[PDB]
Structures are given as structure tokens and as C-alpha cells.
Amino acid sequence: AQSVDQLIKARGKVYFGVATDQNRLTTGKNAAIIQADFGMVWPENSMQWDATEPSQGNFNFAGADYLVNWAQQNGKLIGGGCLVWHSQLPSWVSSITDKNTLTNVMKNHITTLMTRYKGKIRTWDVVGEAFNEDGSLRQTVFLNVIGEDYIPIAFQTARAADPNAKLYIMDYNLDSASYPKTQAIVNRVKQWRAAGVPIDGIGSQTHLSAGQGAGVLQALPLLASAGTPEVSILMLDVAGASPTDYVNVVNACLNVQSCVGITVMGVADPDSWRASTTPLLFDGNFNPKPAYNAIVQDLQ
């Protein structure tokens, strides 16, 4: 019944974290497990663009406010995001075709969310899923209308709104060192940072199939070679939840000096987006699964 967050702090890392929101914190044993075992919380949905600005200039913070207040009262660090992510856009954003108009909408969205929680958020995921699988930039509304400067603009705008935040770019399928996407994000982040773009971290959205944990041992050092101050594992779940896959991911974290922590996608299996693959660390009784105990043994 040991706390993985307490144990990973003992190994010199910052946090073992989890995604949650108001609808989980108010039912079952989610809050008790988060209180005991995790040191950082993220809003699964309540800070996404469609949740917070469902119509232009009309903001909804009730869910995000609840999460931030709960975390502060319970001694937890807070991550927020995603500020710019095409798959969470409300419909009104995608029909804007003017560069100046979309730039202003994007900056206003960033600045409004970050100002409301200024000083309270350790990490912001500023841009997500900006890359195609071949390493090219994904042709989203932001790329199509603003161009590739939208990423520099988003990060500079975020730094100005809350300079004490750690600003991350995140993506998925960065789990293999030989995959073109993994190399591409490293090379682009190096170029952006040399030009003064304030990218503090790369966050790897780590949705794994069985047996893919071993690859992260080589991919994570490659991500860290971009020279960002931090890297992190985000949104972690593993089909089958095998102890071997989870332990390999934890050990990749421990092996990479700049990796500050790990965030898992959720608490209990039935609430996973792929519950049929039983991919989390607690079962539907809110009891720890073998993978949880394997992490504990590994961290000791």
C-alpha cells in the first residue's frame, strides 16, 4: 500500500501523477487514491479548448476551477493543458480563415486560461499533436491559416502570460527511437530553442501496446537529447498492464536525468478510454494491480 509518488521523490524525481477531473473526484475512491499515492494532478478534459471556450470569448472555468482548488487544498502539484490541440477544438475555431484573426483568437485563448491560474500551474502543455507520423508538421487549422510560426507564437505568448510555468510540447508515438516522428520532434525543438522559443519540455503521450515498454528505454534518452530542461511521460497507459511494461517505463524515467516524472491516464480500469485492455494500475475495486506493486518493488 506504498505511495509511488513518495517513492519516486526518494529517487530524485518530482512526481508520479494522474489525470482526473470533478466527475471522478466526487465518486468512488478516486480522491482517496490520489491523495495517498500521487503527487500531481492534471485535468483530463476540463481545461481543453472545447470545455473552456465553447463559444468565442465566452469562457467556462467551473470544472477547471474545481480541479485547481482540490489540488491546492490537498498538497498536489498541478499540470494544465492542452492550450492548442486540434482534436479538442470547438467548431467555431475551424472556420476561421484569416491569419490575423486566428492568431488573435489563439493568443487570447492562451492568455486567458494562463492568467486565471497564474502561479498555480507547474506545467502547461501548450501545443499538442503538432506532428504527422512522417515527421512533417500536421496540417491543422493553425498550420493552414497561420503557418508554422503558430508554434513559436503560442510558446512566446504563454511565457508572457505566466513566466513561472514550465511550457511543454506534447505528442504521441514517440515510443521508438527509430521512428521518424521521434527524431523529427527532437530536431525541430532544437531549432526552435536555438531561435529563442521558450520550450521547456517535451511530453511523451505514452499509450502503449503490450511489450512496447522496452522501446521507451531508448526513445526517452533520444527525446532528452533535444536539450530541453525537462522531459516527461504523459497520459501513460499500457494494454494488458503487464508489470514488465510499466517497470520499463519507470526505469526509462529513472535513467534520464532530465525526466521529472510520470503521469498515468487515470486511476481505475473501468474508467479508461480503452477499459477492455485493462491498462491502468488499479482495478475496479480500487485495489492496486500487480503492475502497481512491481513499480513499488522497482523503486525500492
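Residue numbers here begin at 1 and follow the sequence given.
Of the two segments examined, 120 to 128 and 84 to 92, it is 84 to 92 that shows the higher average Cα temperature factor in the deposited entry.
Per the PDB record, of the two stretches 183 to 191 and 93 to 101, 93 to 101 carries the greater mean B-factor over its C-alpha atoms. Out of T263, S258, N251, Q56, it is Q56 whose C-alpha atom has the highest B-factor in the PDB entry. As recorded in the entry, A10 carries the highest CA temperature factor of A10, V14, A19, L280. Ranked by C-alpha B-factor against the other modelled residues of its chain, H207 falls in the middle third. Ranked by C-alpha B-factor against the other modelled residues of its chain, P229 falls in the lowest third. Remark: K76 belongs to the middle third of its chain, ranked by C-alpha B-factor as recorded. The PDB entry assigns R138 a C-alpha temperature factor belonging to the lowest third of its chain's modelled residues. In this PDB entry, the Cα temperature factor of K166 sits in the bottom third of its chain's modelled residues, the lowest group.
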